[PDB]
Amino acid sequence: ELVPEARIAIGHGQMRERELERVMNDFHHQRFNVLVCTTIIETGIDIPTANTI
DNA sequence: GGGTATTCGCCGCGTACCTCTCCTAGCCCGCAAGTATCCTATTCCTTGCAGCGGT
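Calculation rules
- Residues numbered from 1 in each chain as written, not as in the entry; some residues may be left out.
- Chains lettered and ligands numbered in written order.
- Part of a larger assembly, values for the part shown.
- Heavy atoms only, no water.
- Helix = DSSP H or I, 4+ residues; strand = E, 2+ residues; numbered from the N terminus.
- Rg over C-alpha atoms; globule rule 2.2 N^0.38 Å.
- Buried < 20%, exposed > 50% of the residue type's maximum accessible area, 1.4 Å probe, protein only.
- Contact = heavy atoms within 4.5 Å.
- Areas by Shrake-Rupley, 256 points an atom, 1.4 Å probe, with all protein chains shown as cover.
- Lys, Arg positive; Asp, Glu negative; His and termini not counted.
- Charge placed at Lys NZ, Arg CZ, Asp CG, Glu CD.
- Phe/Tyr/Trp six-rings, centres within 6.5 Å; stacked < 30°, edge-to-face > 60°.

As summarised from the PDB record, the model derives from cryo-EM at a stated resolution of 4.29 Å.

Under the annotation held in the PDB entry, chain A carries the name Transcription-repair-coupling factor and is attributed to Escherichia coli.

See below:
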């Protein structure tokens, strides 16, 4: 609601594997810009196109 | 005023030696030591509805 222009998904390790895997795969293919994420992305996930945290 | 009486408060009460115990209460502040929520692995199982042989 704050930013209607953005496409938002949710990614964390406490949801089912077939869902988190597909969500992360979609994020690679630019299917959405913002990804509300937990600290699971603190370990060195590259995703070069992402340049604002 | 004053001579008298009455009260009040201060000062004082032996030497020498031996044994023993015990010498502030409480607060604060920082050390440090022991605890409730968040992700990625693990062992723990108990239901719901469609196929499906088989007759």
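Next comes the rest of the description.
Turning next to the overall build of chain A. Helix and strand content of chain A: 1 helix and 2 strands. Helices and strands appear in chain A in the N-to-C order β-α-β. Radius of gyration (C-alpha) of chain A: 11 Å, near the 10 Å computed for a compact globule of 53 residues. Considering only C-alpha atoms, chain A reaches an extent of 30 × 20 × 20 Å along its principal axes. Out of the 53 residues belonging to chain A, those deemed buried represent 21%. Taking contacts inside chain A between residues at least 6 apart in sequence as the whole, the part at least 24 apart equals 50%. Within the structure as shown, chain A displays about 4700 Å² of accessible surface, and the carbon and sulfur contribution to it stands at 54%. Distance between charge centres in chain A, computed from 5 positive and 8 negative side chains, equals 9 Å.

Moving on, we get to the packing of aromatic side chains. As enumerated under the stated definition, the model contains 1 aromatic pair in all. Taken together, a centroid distance of 5.7 Å and an interplanar angle of 10 degrees make the contact between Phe 27 and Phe 32 stacked. Of the two residues examined, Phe 27 and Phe 32, each falls in the buried class.

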